[PDB]
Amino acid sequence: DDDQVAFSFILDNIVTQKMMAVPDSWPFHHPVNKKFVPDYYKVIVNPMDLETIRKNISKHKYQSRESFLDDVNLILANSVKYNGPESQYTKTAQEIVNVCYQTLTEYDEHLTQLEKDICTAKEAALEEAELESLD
């Protein structure tokens, strides 16, 4: 449990201190309200925003950077689909993605260790669950 909690706390700090700090990133902070953007959900089948990512982190959805990056990269993919690649929204989404990748890279050593520990704790719990299943 301790490694997963630490990993989640680190991901949350990247979201609030780096990604939400990107200038003009406010349109990405919360889910789109269709009352302001009427056809958003007709175009975007897999919506994503920074609040949803923080909610996912609170629930410990991410065990590795790969699953975290899958949701982060959706923010950029959704913007290119809805706004076009040339849009100022897309430029902001790219800057949110950039600061995320750059921050994760600066934490590479410690995040690799936490990911290995999360995986080790998971595998050990599953082996124990299988052995005790006949009790």
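In case it trips you up, residue 1 is the first one in the sequence shown, and so on.
Relative to one another, 33-41 and 91-99 have unequal mean CA B-factors, and 33-41 is the one with the higher figure. Relative to its counterpart among 124-132 and 4-12, 124-132 has the higher mean temperature factor, C-alpha atoms as listed in the PDB entry. The deposited CA B-factor of residue 66 belongs to the highest third of values across its chain. Among the modelled residues of its chain, residue 58 has a C-alpha B-factor that falls in the highest third, as given in the PDB entry.
In the PDB entry, a CA B factor belonging to the middle third of its chain's modelled residues is recorded for residue 52. Sort the modelled residues of the chain by CA B factor and residue 119 lands in the highest third.
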